[PDB]
Amino acid sequence: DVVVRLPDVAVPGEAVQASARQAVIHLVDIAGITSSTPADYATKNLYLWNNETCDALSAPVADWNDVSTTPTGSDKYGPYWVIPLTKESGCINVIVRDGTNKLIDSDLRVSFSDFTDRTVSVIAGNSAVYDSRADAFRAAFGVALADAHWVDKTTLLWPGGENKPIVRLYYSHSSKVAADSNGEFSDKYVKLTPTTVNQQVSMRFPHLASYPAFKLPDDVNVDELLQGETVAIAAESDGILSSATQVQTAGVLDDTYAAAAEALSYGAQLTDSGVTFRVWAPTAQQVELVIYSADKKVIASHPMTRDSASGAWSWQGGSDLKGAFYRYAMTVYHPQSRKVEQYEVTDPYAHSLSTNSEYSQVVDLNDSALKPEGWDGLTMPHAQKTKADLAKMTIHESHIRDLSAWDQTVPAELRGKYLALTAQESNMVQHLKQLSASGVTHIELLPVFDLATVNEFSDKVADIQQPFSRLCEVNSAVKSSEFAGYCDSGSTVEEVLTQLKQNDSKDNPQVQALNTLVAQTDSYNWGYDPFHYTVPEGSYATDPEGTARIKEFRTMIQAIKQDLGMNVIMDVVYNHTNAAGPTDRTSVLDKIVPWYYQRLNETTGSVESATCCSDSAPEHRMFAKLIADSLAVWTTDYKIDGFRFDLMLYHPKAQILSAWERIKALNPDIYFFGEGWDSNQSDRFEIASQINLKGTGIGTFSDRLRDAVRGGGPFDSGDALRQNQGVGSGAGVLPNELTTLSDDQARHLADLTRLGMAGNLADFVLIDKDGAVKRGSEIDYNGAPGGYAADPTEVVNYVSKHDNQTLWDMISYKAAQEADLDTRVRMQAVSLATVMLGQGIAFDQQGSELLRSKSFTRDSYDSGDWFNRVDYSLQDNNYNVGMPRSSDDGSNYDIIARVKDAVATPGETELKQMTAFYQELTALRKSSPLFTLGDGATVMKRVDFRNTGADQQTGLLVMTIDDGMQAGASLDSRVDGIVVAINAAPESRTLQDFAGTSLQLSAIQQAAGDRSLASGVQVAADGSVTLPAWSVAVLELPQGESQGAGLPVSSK
Ligand SMILES: OC[C@H]1O[C@H](O[C@H]2[C@H](O)[C@@H](O)[C@@H](O[C@H]3[C@H](O)[C@@H](O)[C@@H](O)O[C@@H]3CO)O[C@@H]2CO)[C@H](O)[C@@H](O)[C@@H]1O
Ligand SMILES: OC[C@H]1O[C@H](O[C@H]2[C@H](O)[C@@H](O)[C@@H](O[C@H]3[C@H](O)[C@@H](O)[C@@H](O)O[C@@H]3CO)O[C@@H]2CO)[C@H](O)[C@@H](O)[C@@H]1O
Ligand SMILES: OC[C@H]1O[C@H](O[C@H]2[C@H](O)[C@@H](O)[C@@H](O)O[C@@H]2CO)[C@H](O)[C@@H](O)[C@@H]1O
Ligand SMILES: [Ca+2]
Ligand SMILES: [Ca+2]
Ligand SMILES: [Ca+2]
Ligand SMILES: [Ca+2]
Ligand SMILES: [Ca+2]
């Protein structure tokens, strides 16, 4: 059949041949595809220079600003330059340009050794030298991009194949398809024939459903084609190639191997009677198991056995391999580099690792030696079975270093370690113990799986508590910086940072200047950089070499549950990997099965980075299985109680639900929740968003109450940070000098806050700012329906988290100049009360109870111990410790300088006051089942609000919870109802709604005396209740001999 080959038809000839002592360079202008008039090549020149490697040029060009080296002549195929030479031997340096812009990105070096005639031709941005314009012309018809998609055994979707009479799929086992010396495409191929995309493919990949489809013969040996490179090619009737592109094969890989591969188990599976290693690598040509000694010397290399049906490789050995280190030697084709790579990779299913994750290790997590005393009997301190149980969840989001890096009462060797949680006599542990006794029920841990952004080899790291001399020894950027003079000083880094504070300002942000360098080689990072999904992080262990970290992690889990009495939630990041490609140190998955575990751009094949990094593909079957298998280990072997899915929105709704079904078989009470924002992936599959997860039981963080109370949004910059006041900072009622918020806008935020305190349900009914009856879904939130949930347990309310500015820093940006320090502390408590006293699950950042500040830093992931400091000795809240990182907050320096010093920085008196307020709120939350009803229908039958409508007193939130006869059964034997009143305003407010009812202040607040958030509250004889400025009161209707009238929800 017709032999497809490069365009040899109207191929450009040679304009001229170099004469004696001279070389000519052609600039093939592909625009000659039509040529109907002489183009202008006047503003086109070359940059010549003869130096070391090449010095044949005779009298080259002076400065780069020289544009006189114009064409010697030109024709329909482009211009050409006649360059003088001193000798016809050697080589010359050239740079084709167009005025001053590098027409080509490379220092082309024409050697007279490779091109004797010294006559070559180049192309616009091709970085290559040809011996003729003919070769270059055809060079523009090579393989480009990767917009071809092999989605199943017999289907290929590719745009460039429409019309083209000749559509084929070429392939080469160990080579890169292109064109032989004769400019032809010899390699074998499979003829493609136009067809209509089946219903199976359209459903699997909706975003490609409109692509021109092609059919493959049934007798095609798919397995063999997938062993090397495959390229889609199109050609006209005569057989001339128009385009050639690479192929994305994730689709056919699943269609061919997934089912069989899903049925197997992976990793180094050790029993006490032997071991079986298995890794999935359907496209690899060879895979060998390399065993290493403790000192990392190769003990043996075993070729593995491939299973044809699954594409998995295995090797079985004896129990003596327990504890051995290993890697998989891969021989596989990687589309990004277009070559059969050869490299050793760690196990994606690794369960143990060597220092810095260089080698995986064989381990049996069931081994008693890897478990603390009594581990198997560890029980969950808090119930998570019923919705009522779940609603009591009150989360404290913490970080391993944030907890103990600064605590001098924690043994030095345990600071920043998992084991710090076992130091019962430390300030930090005693603080957490008290928070637990007061109502905090869960500890959520930032990344404790194997992250990549912290070097686990201690000698390569330097922290601020150590000598500056150590920093200089491990960080070359510091040694070559303006801070180099501190290298041979006798100061520690923190001592230097402290002295830099006085002269630090928006005009001289020297604190962050030095810290930015320190961040490169310290032990700090949030860790949203996945290296291995199912192994604990090593830097948080006292010994990162081998299995040691496993028992230490468990010892920590046991301490939290058994000694501190709190459940544990793990932050997981399956939405992306730290890196991809065949060369990065941390690329594991993309090295073993290239282009399968990552989500790629439909046209270029490039790994997407919408998540921040290397986007993963949870929609692919084997990655979905890896996720579920990983969660199974954390659940069963590490006894985790719940999981917070980072960017859950990038996962298909179906995948998250399937995972939950799997895990519920191991732990029936496991709880799943995560970020359900808009991932922009709806064109590929139904995403796991707030809206789509309604009624599923999967929770999502709610941004409704969060923004209404904090004010503004996470994207605000400049003056907007101060202008956008929230309910918690006096929107409307206590305006600052810049805001333009209307009373109507302030009342809209209150509508969102009330709805949130009722669980942000789509069907909850309330009276809005204008007196209109509205369902939660009818209250607008930046253009979208406000209420979205079916049950309050599907909503996670919060006013502070590791992301964005802390609650205190937001209040500092927004508070009116006249709001004093005491008032700001109460604003922090008032803000937190909307969350703690609400029906949705309560979530909060470690340190809110201590007015935690990050010195205004918005995104502190790599801002180290300095900006993320939490002082459990209670001296201050880390506010005003230097301007934040300029790269991300520099645009906010002006507003920061204007508001920063309004009032004094909180000290011990303020921190103790806040901790008291905080523990009062959490204690109130668990004092009655009425605060955590759990079921949506029950919330609607019992919860209501007062002080609503157009005649409302702005800033006063009044919520009622019925336990009376009209609500149904009495759920609390001590009360017939409860009233929550939050007076977020500078005036005293009087409530007349309950005159003649017999309300009483909660015993918990009464017991706090003048230290209560309700201090000064008065319950009059006539039943009227008066609340002081910025106060919170919980009142109850004491129950008598039998259930009383209560506080029935008003029909609307
Ligand atoms: O060099 C890698 C990567 O680093 C930076 O990205 C980090 C973000 O700055 C940081 O905020 C964090 O983002 C995560 C959120 O904290 C989390 O709540 C959720 O929203 O997922 C986010 C992504 O996982 O972590 C990332 C990754 O370390 C930097 O901004 C990137 O440009 C850079 O590529
Ligand atoms: O992914 C990298 C990115 O991570 C961090 O950004 C996160 C925000 O901090 C976080 O608030 C969230 O943003 C969502 C809003 O909360 C929500 O109201 C709505 O607007 O959707 C937003 C997401 O589209 O998630 C992002 C995740 O990116 C970090 O702060 C960034 O610096 C970093 O670039
Ligand atoms: O000095 C010769 C120098 O020329 C080239 O560098 C250019 C560079 O590409 C321009 O962007 C700009 O910076 O001017 C430079 C020369 O002035 C070569 O890349 C370089 O190897 C060579 O030494
Ligand atoms: Ca030539
Ligand atoms: Ca690590
Ligand atoms: Ca760091
Ligand atoms: Ca997309
Ligand atoms: Ca009752």
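FYI, the numbering just counts along the sequence from 1.
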Checklist entry - At their closest point, which heavy atom of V1034 faces which heavy atom of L1001, and how far apart are they? => result O-CD1, 3.6 Å
Checklist entry - For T386 and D389, does a side-chain donor sit closer than 3.5 Å to a side-chain acceptor? => result yes
Checklist entry - Excluding sequence neighbours, so at least two apart, what forms side chain to side chain contact (heavy atoms under 4.5 Å, CB included) with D678? => result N680, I687
Checklist entry - Taking only residues two or more places apart in sequence or in another chain, which ones pass side-chain hydrogen bond (donor to acceptor under 3.5 Å, both in side chains) with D1022? => result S1024
Checklist entry - In terms of side-chain geometry, is the basic nitrogen of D944 or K1052 positioned less than 4.0 Å from the acidic oxygen of its partner? => result yes
Next on the checklist: Could you check whether any side-chain heavy atom of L933 comes within less than 4.5 Å of a side-chain heavy atom of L971, counting everything from C-beta outward?
Outcome noted: yes
Item to check | Non-hydrogen side-chain atoms of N877 and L911 separated by less than 4.5 Å | outcome: yes
Next on the checklist: Do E849 and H431 make a side-chain contact, defined as non-hydrogen atoms from C-beta onward lying under 4.5 Å apart?
Outcome noted: yes
Checklist outcome for this item: salt bridge (charged side-chain N to carboxylate O under 4.0 Å, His left out) filter on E910, not counting sequence neighbours, yields none
Checklist outcome for this item: Value for CG (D809) from CG (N804), rounded to nearest 0.5 Å, stands at 11.5 Å
Next on the checklist: If the test is side chain to side chain contact (heavy atoms under 4.5 Å, CB included), which one of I961, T997, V979, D963 qualifies with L1047?
Outcome noted: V979
Next on the checklist: I'd like to know if the side chain of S848 and the backbone of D844 have a donor-acceptor N/O pair within less than 3.5 Å.
Outcome noted: no
Next on the checklist: Strictly distance-based, threshold 3.5 Å: is any side-chain N or O of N760 a donor or acceptor partner for the main-chain N or O of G786?
Outcome noted: yes
Next on the checklist: Distance alone, cut at 3.5 Å: any donor-acceptor contact between the side chains of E675 and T700?
Outcome noted: no
Checklist entry - Looking only at atom types and distance, does a side-chain atom of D791 sit under 3.5 Å from a main-chain N or O of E794, one as donor and one as acceptor? => result no
Item to check | Smallest separation among heavy atoms of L749 and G726, with atom names | outcome: CD1-CA, 4.4 Å
Checklist entry - Can you name the salt bridge (charged side-chain N to carboxylate O under 4.0 Å, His left out) partners of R722, sequence neighbours left out? => result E737
Item to check | Partner set under salt bridge (charged side-chain N to carboxylate O under 4.0 Å, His left out) for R989, not counting sequence neighbours | outcome: none
Item to check | Minimum heavy-atom distance between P785 and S777, given as atom pair plus value | outcome: CB-O, 3.2 Å
Checklist outcome for this item: Sorted by chain and residue number, the side-chain hydrogen bond (donor to acceptor under 3.5 Å, both in side chains) partners of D763 (sequence neighbours excluded) come out as none
Next on the checklist: Tell me the closest heavy-atom pair linking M940 and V1049, and the distance in Å.
Outcome noted: O-CG2, 4.1 Å
Next on the checklist: Tell me whether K926 at atom NZ has more than 12 heavy atoms from other residues, nucleotides or ligands lying less than 6.0 Å away.
Outcome noted: yes
Checklist entry - In chain order, what residues pass the ring-ring contact (aromatic ring centres under 6.0 Å, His included) check against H748, with sequence neighbours excluded? => result none
Checklist entry - Do the side chains of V799 and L705 get nearer than 4.5 Å, heavy atoms only? => result yes
Next on the checklist: For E920, run the side-chain hydrogen bond (donor to acceptor under 3.5 Å, both in side chains) check against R1011, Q1005, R925 and tell me which one passes.
Outcome noted: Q1005
Checklist entry - Any side-chain donor paired with an acceptor under 3.5 Å for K912 and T915? => result no
Next on the checklist: Applying ring-ring contact (aromatic ring centres under 6.0 Å, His included), can you list everything that pairs with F673, at least two apart in sequence or on another chain?
Outcome noted: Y671, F701
Next on the checklist: If we count only N and O atoms by modelled type, under 3.5 Å, do the side chains of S831 and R710 hold a donor and an acceptor together?
Outcome noted: no
Checklist entry - Can you name the salt bridge (charged side-chain N to carboxylate O under 4.0 Å, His left out) partners of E1041, sequence neighbours left out? => result none
Item to check | NZ/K941: more than 12 non-hydrogen atoms of other groups inside 6.0 Å | outcome: yes
Item to check | Non-hydrogen side-chain atoms of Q839 and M757 separated by less than 4.5 Å | outcome: no
Item to check | salt_bridge(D402, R852) N-O dist < 4.0 Å | outcome: yes
Item to check | Cationic N near anionic O, under 4.0 Å, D646 to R644 | outcome: yes
Checklist entry - With a cut-off of 6.0 Å (strictly less than), are more than 12 heavy atoms of other residues, nucleotides or ligands near CD of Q966? => result no
Next on the checklist: Under a 3.5 Å threshold, yes or no: a donor from one side chain and an acceptor from the other, between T834 and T753?
Outcome noted: no
Next on the checklist: Is it true that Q384 and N567 share a donor-acceptor pair across their side chains at a distance under 3.5 Å?
Outcome noted: yes
Checklist entry - Do we see a donor-acceptor contact under 3.5 Å between the side chains of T932 and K392? => result yes
Next on the checklist: Regarding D641 and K561, does a basic nitrogen lie under 4.0 Å from an acidic carboxylate oxygen?
Outcome noted: yes
Checklist entry - Nearest 0.5 Å, what's the CG-CZ distance between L851 and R824? => result 12.0 Å
Checklist entry - Would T823 and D820 count as having a side-chain donor-acceptor pair, cut-off 3.5 Å? => result yes
Checklist entry - Do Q846 and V870 touch side chain to side chain, with heavy atoms closer than 4.5 Å? => result yes
Checklist entry - With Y879, which residues qualify under side-chain hydrogen bond (donor to acceptor under 3.5 Å, both in side chains), at least two apart? => result none
Checklist entry - Taking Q745 for the side chain and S742 for the main chain, is one N or O donor matched with an acceptor at less than 3.5 Å? => result yes
Item to check | Main-chain N/O of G756 paired to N797 side chain as donor or acceptor, under 3.5 Å | outcome: yes
Checklist entry - Hey, is the main chain of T1026 close enough, under 3.5 Å, to the side chain of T990 for a donor-acceptor pair? => result no
Next on the checklist: Check the orientation of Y813 and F856. Use parallel for under 30°, tilted for 30 to 60°, and perpendicular for over 60°.
Outcome noted: tilted
Checklist entry - Are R704 and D707 ion-paired here, with the side-chain N under 4.0 Å from a carboxylate O? => result no
Item to check | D744 and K769 ion-paired at < 4.0 Å | outcome: yes
Checklist entry - Just by distance, do the side chain of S800 and the backbone of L807 share a donor-acceptor pair under 3.5 Å? => result yes
Next on the checklist: My understanding is that only residues two or more places apart in sequence, or in another chain, count here; which of them pass side-chain hydrogen bond (donor to acceptor under 3.5 Å, both in side chains) with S1015?
Outcome noted: none
Next on the checklist: Do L924 and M836 make a side-chain contact, defined as non-hydrogen atoms from C-beta onward lying under 4.5 Å apart?
Outcome noted: no
Checklist entry - Between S702 and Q690, which heavy-atom pair has the shortest distance, and what is it? => result CA-NE2, 4.0 Å
Checklist entry - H396 vs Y918 aromatic rings, parallel, tilted or perpendicular, using cut-offs 30° and 60°? => result perpendicular
Next on the checklist: Between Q725 and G711 (side chain of the first, backbone of the second, donor and acceptor by atom type, cut-off under 3.5 Å), is there such a pair?
Outcome noted: no
Checklist entry - With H442, which residues qualify under ring-ring contact (aromatic ring centres under 6.0 Å, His included), at least two apart? => result none
Checklist entry - Just by distance, with hydrogens left out, do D972 and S928 show a side-chain donor and acceptor under 3.5 Å apart? => result yes
Item to check | Approximate separation, where rounding is to 0.5 Å, of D751 CG and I779 CD1 | outcome: 5.0 Å
Checklist entry - Can you find a heavy atom in the side chain of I443 that is under 4.5 Å from one in the side chain of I569? => result no
